Amino acid sequence: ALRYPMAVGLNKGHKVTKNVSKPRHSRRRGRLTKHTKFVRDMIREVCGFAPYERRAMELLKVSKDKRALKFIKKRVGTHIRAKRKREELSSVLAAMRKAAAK
Amino acid sequence: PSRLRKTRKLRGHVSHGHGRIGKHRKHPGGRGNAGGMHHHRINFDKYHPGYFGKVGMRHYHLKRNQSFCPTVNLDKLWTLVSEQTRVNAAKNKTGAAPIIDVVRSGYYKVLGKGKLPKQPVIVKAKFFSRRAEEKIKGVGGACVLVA
Amino acid sequence: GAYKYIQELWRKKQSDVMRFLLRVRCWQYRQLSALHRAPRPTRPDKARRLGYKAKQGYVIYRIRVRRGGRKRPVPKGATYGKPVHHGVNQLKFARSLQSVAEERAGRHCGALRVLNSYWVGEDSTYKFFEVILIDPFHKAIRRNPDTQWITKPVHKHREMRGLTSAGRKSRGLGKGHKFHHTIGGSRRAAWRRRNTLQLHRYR
Amino acid sequence: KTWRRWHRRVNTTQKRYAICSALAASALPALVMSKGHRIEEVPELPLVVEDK
Amino acid sequence: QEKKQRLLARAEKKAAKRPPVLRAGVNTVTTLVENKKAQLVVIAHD
Amino acid sequence: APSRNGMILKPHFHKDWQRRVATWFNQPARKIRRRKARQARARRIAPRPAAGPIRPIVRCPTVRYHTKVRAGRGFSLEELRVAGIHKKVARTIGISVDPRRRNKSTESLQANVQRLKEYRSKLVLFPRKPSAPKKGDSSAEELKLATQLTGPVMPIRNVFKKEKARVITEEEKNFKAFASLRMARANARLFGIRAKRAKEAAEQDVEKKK
RNA sequence: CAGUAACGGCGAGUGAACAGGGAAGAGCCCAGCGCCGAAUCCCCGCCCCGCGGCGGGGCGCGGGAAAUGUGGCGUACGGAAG
RNA sequence: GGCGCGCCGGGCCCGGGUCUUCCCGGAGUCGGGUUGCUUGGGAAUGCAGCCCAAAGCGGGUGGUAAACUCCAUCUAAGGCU
Ligand SMILES: [Mg+2]
Ligand SMILES: [Mg+2]
Ligand SMILES: [Mg+2]
Ligand SMILES: [Mg+2]
Ligand SMILES: [Mg+2]
Ligand SMILES: [Mg+2]
Ligand SMILES: [Mg+2]
Ligand SMILES: [Mg+2]
Ligand SMILES: [Mg+2]
Ligand SMILES: [Mg+2]
Ligand SMILES: [Mg+2]
Ligand SMILES: [Mg+2]
Ligand SMILES: [Mg+2]
Ligand SMILES: [Mg+2]
Ligand SMILES: [Mg+2]
Ligand SMILES: [Mg+2]
Ligand SMILES: [Mg+2]
Ligand SMILES: [Mg+2]
Ligand SMILES: [Mg+2]
Ligand SMILES: [Mg+2]
Ligand SMILES: [Mg+2]
Ligand SMILES: [Mg+2]
Ligand SMILES: [Mg+2]
Ligand SMILES: [Mg+2]
């Protein structure tokens with residue numbers, strides 16, 4: 001059969017040969033460099049945590065993930081930022097458990 | 001020209017074409033299209049039916065470029081190509097059939113309205129109709145899609 | 001470099017180091033006067049990324065805008081007109097208190113030019129902003145090529161045409177589909193281009 | 001006001017119809033004397049001079 | 001003026017090793033601290 | 001107060017429109033001012049092209065206009081690099097650059113690379129100091145014959161290839177185009193929900209093979 | 001584009017933008033990350049020149065600014081070093 | 001006055017390709033809640049006050065609120081022309 005290039009359908013469009021160049025250097029912003037990770041961990045070891053995230057670490061220590069997520073979702077903003085901050089507080093709290101372990 | 005209008009013939013006549021009993025007052029029925037529901041009801045029912053009210057879905061950020069697909073008919077399909085292609089195709093006995101690219105002409109969709117003359121064609125369109133395609137097939141010819 | 005640590009440290013603001021620092025600075029700034037010169041910037045990294053190079057002729061002020069919305073300056077109640085415009089108490093003002101800060105700093109110093117400004121402290125009833133100011137007729141400014149753009153008459157009182165960053169945030173401009181009601185030079189220029197009949201010669 | 005519609009536009013083929021009628025009535029000697037040009041001693045009315 | 005005598009020294013020496021020093025400034029100090037080219041850091045208290 | 005029959009309409013004169021009316025009586029004065037400025041600029045850049053720099057074949061974006069080729073903004077950096085031209089030397093030898101343009105195809109990139117190589121064949125670069133020619137400078141025969149070309153430099157017209165009259169294979173005469181269009185419409189519309197129904201059917205095969 | 005999409009006791013009224021064609025067309029610089037003995041800037045005094053846009057060159061164990069950061073390279077089109 | 005040209009004094013002693021190793025970003029701001037104004041912008045287009053207030057394969061945009069999952073596109077909160 002003949003498969004003509006069609007304007008509609010799941011593989012629609014005029015068929016062109018997609019070249020592959022490296023992505024532009026504007027695109028890499030906020031990739032975590034190891035030096036800024038070092039600076040940021042040093043700053044956190046200087047100054048510690050905020051009160052809302054301390055209260056969220058108490059809720060995560062008692063392992064109430066739903067109310068901890070609702071708490072961070074209120075006091076930060078979007079649900080995406082809520083999930084990300086809940087999981088980095090879970091990583092911080094796990095590192096504290098391992099520090100108390102050995 | 002104000003030489004030819006009506007206000008020249010209406011000098012001397014006291015009311016100037018607007019009556020003595022009901023004068024030419026300023027706005028006796030409201031400004032503009034006012035009183036649509038209330039006191040020009042009979043005009044907006046007898047002459048503009050369907051005017052008040054909502055119907056249909058709201059499309060917010062509309063783009064005619066997205067919804068662009070103009071049409072040609074089979075009746076004027078052979079307009080798009082010059083006359084010597086028709087007469088060479090009819091003159092030809094080898095069975096070779098000319099190719100009408102309608103997108104080069106600028107019409108995206110072939111519709112089938114009229115009679116199409118009995119010559120084999122290859123109509124290279126973007127979209128087709130069922131009757132346009134089956135008239136092309138019944139004359140003998142092919143329907144080629146191009147995105 | 002130190003300024004990366006200083007900017008991450010200033011980023012962490014409910015950390016009790018920075019709560020102590022901002023509280024004690026805010027106490028001192030309330031004890032001081034409303035429009036007084038600071039001898040050097042409190043946030044040197046923020047000053048340097050907003051334009052302050054610590055050379056002769058740049059001046060930091062430390063100004064106190066009183067905090068709050070804007071109740072309508074009418075007699076007792078009494079906006080004499082239709083009930084849409086009756087409201088006085090819950091009205092909000094079109095420009096940020098940072099821009100009002102730059103405005104009255106650059107009004108009090110008319111011989112200088114407002115480069116930009118930043119935040120230093122707040123409490124319930126005041127916010128404090130430190131404003132960066134360039135003296136244009138100093139020759140460390142006038143002989144440097146990449147900062148003698150400030151010494152031209154077009155840039156006269158930037159804070160009142162609304163051209164510093166705290167004024168640009170309140171004009172509703174920038175690229176996008178969000179900013180259709182400013183296309184043209186400004187919002188007024190958008191409106192003025194839209195509400196004119198272009199009556200041609202030949203129509 | 002100043003925004004009176006002072007200017008009128010004419011279709012191009014109407015302008016060219018007019019320029020052809022204006023040229024073609026400048027060869028008929030009745031239609032030039034009626035316009036009034038004192039012409040009775042012109043040797044022929046589509047008057048052509050050598051381009052020196 | 002010590003740098004002026006050093007530059008006059010090398011100028012007329014050419015026309016005829018740097019000793020170790022302190023490194024001031026909190027930027028240069030914290031860069032060579034985090035690259036570990038320091039040996040002692042003195043920090044003002046006030 | 002409308003009459004018997006007629007289009008009811010919304011004239012936007014309810015504002016104060018007479019105070020803001022822009023009338024065009026300086027239209028021909030504007031045209032004469034612009035062409036005086038255009039002649040002055042075209043003689044002050046004296047052998048250089050009057051139209052300005054060269055600008056690439058680039059294709060109009062949307063569904064209404066993607067069959068049309070225009071002259072664009074500037075040559076992309078990928079195009080300049082494949083044509084060997086340095087991104088800061090291009091603006092000096094007369095080539096327009098923008099850094100923002102992507103390249104997602106190969107046909108358009110090879111078209112612009114061919115256009116840049118054709119431009120570097122055509123241009124006559126005069127020496128920097130005229131008494132002392134250098135290596136990358138054109139020869140004194142064509143330095144005398146170089147002049148301004150008017151119109152856009154290497155104009156872009158929309159060429160359409162001509163496909164000659166074939167005979168028709170019966171595969172072409174048995175391609176069902178309308179049913180193929182509607183069947184592709186339906187497949188692309190129902191692709192996702194068929195995927196989740198295949199997911200649920202295979203998961204029910206899981207729950208009662210386990 | 002378009003009196004369109006849209007807003008509106010969806011009543012009266014209000015009402016953009018994308019795309020396309022033209023006028024014109026030009027791009028760049030910091031902070032940060034850095035590496036260079038602050039390599040940087042202002043001002044006073046004298047010598048020469050020019051001076052009705054106070055500027056160029058030289059000498060000052062002349063005074064300041066600046067390490068709480070000036071200048072040189074460098075800015076997302078990546079960039080630096082070898 | 002400017003475009004032409006010569007002479008002195010002074011500045012700079014500059015570039016490109018490939019390979020290897022490095023380095024890279026603007027915070028009471030973004031964003032969320034609410035309130036008022038404005039917008040054609042409609043479960044909120046823009047602006048501002050108050051409260052909360054971040055992140056770094058992050059963040060914004062993707063014209064119907066939200067969750068999940070791919071993509072596409074830019075790089076904000078600094079500045080000149
Ligand atoms: Mg009468
Ligand atoms: Mg009458
Ligand atoms: Mg009467
Ligand atoms: Mg009447
Ligand atoms: Mg009566
Ligand atoms: Mg009337
Ligand atoms: Mg009634
Ligand atoms: Mg009202
Ligand atoms: Mg904002
Ligand atoms: Mg009547
Ligand atoms: Mg129309
Ligand atoms: Mg109603
Ligand atoms: Mg309005
Ligand atoms: Mg456009
Ligand atoms: Mg042009
Ligand atoms: Mg620089
Ligand atoms: Mg520096
Ligand atoms: Mg950029
Ligand atoms: Mg208002
Ligand atoms: Mg307002
Ligand atoms: Mg309103
Ligand atoms: Mg920037
Ligand atoms: Mg910007
Ligand atoms: Mg500007």
# chains A, B, ... in the order shown; residues from 1 in each chain; ligands from 1

$ select_by_dssp --residues "chain E" --states "alpha helix (DSSP H)" --output "count of residues only"
23

$ residues_near_ligand --ligand "ligand 24" --cutoff "10 Å" --atoms "only C-alpha atoms (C1' of nucleotides) and all ligand atoms" --output "ChimeraX atom specification"
/C:154-155,158,163-164 /H:79-81

$ write_last_selection --atoms "C-alpha atoms (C1' of nucleotides)" --output "PDB file, in the first residue's frame"
ATOM      1  CA  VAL C 154      17.567  61.939  28.935  1.00  0.00           C
ATOM      2  CA  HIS C 155      18.141  60.047  32.196  1.00  0.00           C
ATOM      3  CA  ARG C 158      14.597  58.110  36.334  1.00  0.00           C
ATOM      4  CA  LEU C 163      12.460  53.858  34.669  1.00  0.00           C
ATOM      5  CA  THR C 164      14.373  52.079  37.429  1.00  0.00           C
TER       6      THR C 164
ATOM      7  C1'   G H  79      21.957  47.746  32.675  1.00  0.00           C
ATOM      8  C1'   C H  80      23.003  50.698  27.827  1.00  0.00           C
ATOM      9  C1'   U H  81      21.411  51.610  22.216  1.00  0.00           C
TER      10        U H  81
END

$ interface_residues --of "chain F" --to "chain A" --cutoff "6 Å" --atoms "only C-alpha atoms" --output "VMD selection string"
chain F and resid 104 to 106 184 to 185 188

$ interface_residues --of "chain G" --to "chain E" --cutoff "9 Å" --atoms "only C-alpha atoms (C1' of nucleotides)" --output "ChimeraX atom specification"
/G:37,61,67-69

$ write_last_selection --atoms "N, CA and C atoms (P, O5', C5', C4', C3', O3' and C1' of nucleotides)" --output "PDB file, in the first residue's frame"
ATOM      1  P     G G  37      50.611  38.529  39.686  1.00  0.00           P
ATOM      2  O5'   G G  37      49.630  39.071  40.815  1.00  0.00           O
ATOM      3  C5'   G G  37      49.534  40.464  41.087  1.00  0.00           C
ATOM      4  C4'   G G  37      49.695  40.756  42.550  1.00  0.00           C
ATOM      5  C3'   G G  37      49.525  42.222  42.911  1.00  0.00           C
ATOM      6  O3'   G G  37      48.926  42.366  44.198  1.00  0.00           O
ATOM      7  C1'   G G  37      51.717  41.525  43.442  1.00  0.00           C
ATOM      8  P     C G  61      58.484  60.287  45.068  1.00  0.00           P
ATOM      9  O5'   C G  61      58.536  59.924  46.613  1.00  0.00           O
ATOM     10  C5'   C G  61      57.347  59.829  47.378  1.00  0.00           C
ATOM     11  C4'   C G  61      57.676  59.841  48.842  1.00  0.00           C
ATOM     12  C3'   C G  61      58.494  61.035  49.302  1.00  0.00           C
ATOM     13  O3'   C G  61      57.696  62.165  49.624  1.00  0.00           O
ATOM     14  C1'   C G  61      59.495  59.024  50.077  1.00  0.00           C
ATOM     15  P     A G  67      37.006  48.674  50.471  1.00  0.00           P
ATOM     16  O5'   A G  67      37.090  47.098  50.431  1.00  0.00           O
ATOM     17  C5'   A G  67      37.880  46.478  49.433  1.00  0.00           C
ATOM     18  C4'   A G  67      38.115  45.029  49.726  1.00  0.00           C
ATOM     19  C3'   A G  67      38.610  44.766  51.126  1.00  0.00           C
ATOM     20  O3'   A G  67      38.296  43.432  51.480  1.00  0.00           O
ATOM     21  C1'   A G  67      40.341  44.331  49.581  1.00  0.00           C
ATOM     22  P     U G  68      37.489  43.145  52.822  1.00  0.00           P
ATOM     23  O5'   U G  68      36.043  43.738  52.535  1.00  0.00           O
ATOM     24  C5'   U G  68      35.252  43.258  51.456  1.00  0.00           C
ATOM     25  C4'   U G  68      33.941  43.996  51.359  1.00  0.00           C
ATOM     26  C3'   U G  68      34.008  45.384  50.736  1.00  0.00           C
ATOM     27  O3'   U G  68      32.767  45.642  50.096  1.00  0.00           O
ATOM     28  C1'   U G  68      33.193  45.564  52.923  1.00  0.00           C
ATOM     29  P     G G  69      32.692  45.858  48.515  1.00  0.00           P
ATOM     30  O5'   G G  69      34.204  45.908  48.049  1.00  0.00           O
ATOM     31  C5'   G G  69      34.753  47.093  47.495  1.00  0.00           C
ATOM     32  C4'   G G  69      35.534  46.829  46.233  1.00  0.00           C
ATOM     33  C3'   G G  69      34.756  46.215  45.076  1.00  0.00           C
ATOM     34  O3'   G G  69      35.264  46.726  43.857  1.00  0.00           O
ATOM     35  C1'   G G  69      36.560  44.820  45.638  1.00  0.00           C
TER      36        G G  69
END

$ atom_distance --atom1 "atom CA of residue 1 of chain F" --atom2 "atom CA of residue 29 of chain B"
5.1 Å

$ decode --residues "chain H" --atoms "C-alpha atoms (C1' of nucleotides)" --output "PDB file, in the first residue's frame"
ATOM      1  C1'   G H   1      31.574  72.141   8.892  1.00  0.00           C
ATOM      2  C1'   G H   2      32.626  67.331   6.936  1.00  0.00           C
ATOM      3  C1'   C H   3      34.606  63.907   3.488  1.00  0.00           C
ATOM      4  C1'   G H   4      40.061  63.812   1.006  1.00  0.00           C
ATOM      5  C1'   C H   5      46.010  63.827   2.443  1.00  0.00           C
ATOM      6  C1'   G H   6      50.768  64.429   5.159  1.00  0.00           C
ATOM      7  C1'   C H   7      53.904  65.000   9.868  1.00  0.00           C
ATOM      8  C1'   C H   8      54.822  64.559  15.199  1.00  0.00           C
ATOM      9  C1'   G H   9      53.467  62.615  20.394  1.00  0.00           C
ATOM     10  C1'   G H  10      50.944  58.567  22.672  1.00  0.00           C
ATOM     11  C1'   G H  11      47.897  53.941  23.393  1.00  0.00           C
ATOM     12  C1'   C H  12      47.543  48.075  21.997  1.00  0.00           C
ATOM     13  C1'   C H  13      51.408  44.395  21.178  1.00  0.00           C
ATOM     14  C1'   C H  14      45.921  41.722  19.733  1.00  0.00           C
ATOM     15  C1'   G H  15      44.044  36.519  16.039  1.00  0.00           C
ATOM     16  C1'   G H  16      41.701  31.671  14.189  1.00  0.00           C
ATOM     17  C1'   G H  17      40.816  25.999  14.203  1.00  0.00           C
ATOM     18  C1'   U H  18      41.084  21.286  16.931  1.00  0.00           C
ATOM     19  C1'   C H  19      41.879  18.435  21.444  1.00  0.00           C
ATOM     20  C1'   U H  20      42.098  17.911  27.061  1.00  0.00           C
ATOM     21  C1'   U H  21      40.626  19.817  31.960  1.00  0.00           C
ATOM     22  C1'   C H  22      37.649  23.303  34.367  1.00  0.00           C
ATOM     23  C1'   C H  23      33.424  27.123  35.404  1.00  0.00           C
ATOM     24  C1'   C H  24      28.636  28.929  34.747  1.00  0.00           C
ATOM     25  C1'   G H  25      24.496  33.200  36.987  1.00  0.00           C
ATOM     26  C1'   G H  26      20.599  38.334  39.603  1.00  0.00           C
ATOM     27  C1'   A H  27      15.625  36.446  46.524  1.00  0.00           C
ATOM     28  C1'   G H  28      10.936  39.102  50.983  1.00  0.00           C
ATOM     29  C1'   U H  29      12.292  37.847  44.566  1.00  0.00           C
ATOM     30  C1'   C H  30       9.591  33.791  41.800  1.00  0.00           C
ATOM     31  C1'   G H  31       5.303  31.450  43.216  1.00  0.00           C
ATOM     32  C1'   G H  32       0.671  30.604  46.254  1.00  0.00           C
ATOM     33  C1'   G H  33      -3.684  32.676  49.263  1.00  0.00           C
ATOM     34  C1'   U H  34      -6.711  36.871  49.812  1.00  0.00           C
ATOM     35  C1'   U H  35      -8.268  42.036  48.735  1.00  0.00           C
ATOM     36  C1'   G H  36      -8.904  46.410  45.538  1.00  0.00           C
ATOM     37  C1'   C H  37      -8.122  48.549  40.611  1.00  0.00           C
ATOM     38  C1'   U H  38      -7.391  47.732  35.528  1.00  0.00           C
ATOM     39  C1'   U H  39      -7.908  44.423  31.135  1.00  0.00           C
ATOM     40  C1'   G H  40     -11.120  41.707  25.461  1.00  0.00           C
ATOM     41  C1'   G H  41      -8.291  38.208  28.887  1.00  0.00           C
ATOM     42  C1'   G H  42     -13.160  34.549  30.414  1.00  0.00           C
ATOM     43  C1'   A H  43     -12.103  29.149  37.956  1.00  0.00           C
ATOM     44  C1'   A H  44      -8.698  35.742  38.133  1.00  0.00           C
ATOM     45  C1'   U H  45      -4.441  39.448  31.534  1.00  0.00           C
ATOM     46  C1'   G H  46      -1.615  43.102  34.072  1.00  0.00           C
ATOM     47  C1'   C H  47      -0.571  46.300  38.822  1.00  0.00           C
ATOM     48  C1'   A H  48      -0.403  46.884  44.003  1.00  0.00           C
ATOM     49  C1'   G H  49      -1.244  46.225  49.637  1.00  0.00           C
ATOM     50  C1'   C H  50      -1.220  42.179  53.598  1.00  0.00           C
ATOM     51  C1'   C H  51       0.120  37.009  54.924  1.00  0.00           C
ATOM     52  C1'   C H  52       2.819  32.710  53.510  1.00  0.00           C
ATOM     53  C1'   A H  53       7.040  32.625  50.914  1.00  0.00           C
ATOM     54  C1'   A H  54      10.857  28.787  47.582  1.00  0.00           C
ATOM     55  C1'   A H  55      13.849  25.761  43.824  1.00  0.00           C
ATOM     56  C1'   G H  56      18.442  24.147  40.981  1.00  0.00           C
ATOM     57  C1'   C H  57      17.929  17.892  35.041  1.00  0.00           C
ATOM     58  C1'   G H  58      15.607  24.156  38.505  1.00  0.00           C
ATOM     59  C1'   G H  59      12.059  28.047  37.187  1.00  0.00           C
ATOM     60  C1'   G H  60       8.457  30.630  33.747  1.00  0.00           C
ATOM     61  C1'   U H  61       5.252  30.116  29.443  1.00  0.00           C
ATOM     62  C1'   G H  62       2.219  26.386  26.641  1.00  0.00           C
ATOM     63  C1'   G H  63      -5.674  31.655  26.726  1.00  0.00           C
ATOM     64  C1'   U H  64     -10.793  26.162  31.424  1.00  0.00           C
ATOM     65  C1'   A H  65      -9.514  24.921  37.760  1.00  0.00           C
ATOM     66  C1'   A H  66      -6.489  20.326  39.390  1.00  0.00           C
ATOM     67  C1'   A H  67      -3.467  15.438  39.673  1.00  0.00           C
ATOM     68  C1'   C H  68      -0.258  12.173  36.729  1.00  0.00           C
ATOM     69  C1'   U H  69       3.027  11.654  32.346  1.00  0.00           C
ATOM     70  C1'   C H  70       5.623  12.992  27.968  1.00  0.00           C
ATOM     71  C1'   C H  71       6.995  17.180  24.757  1.00  0.00           C
ATOM     72  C1'   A H  72       7.854  22.278  22.949  1.00  0.00           C
ATOM     73  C1'   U H  73       9.889  26.933  24.184  1.00  0.00           C
ATOM     74  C1'   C H  74      12.513  30.618  26.622  1.00  0.00           C
ATOM     75  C1'   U H  75      16.252  31.983  31.114  1.00  0.00           C
ATOM     76  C1'   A H  76      12.930  36.339  35.203  1.00  0.00           C
ATOM     77  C1'   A H  77      13.803  39.065  39.744  1.00  0.00           C
ATOM     78  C1'   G H  78      20.641  43.950  36.655  1.00  0.00           C
ATOM     79  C1'   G H  79      21.957  47.746  32.675  1.00  0.00           C
ATOM     80  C1'   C H  80      23.003  50.698  27.827  1.00  0.00           C
ATOM     81  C1'   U H  81      21.411  51.610  22.216  1.00  0.00           C
TER      82        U H  81
END
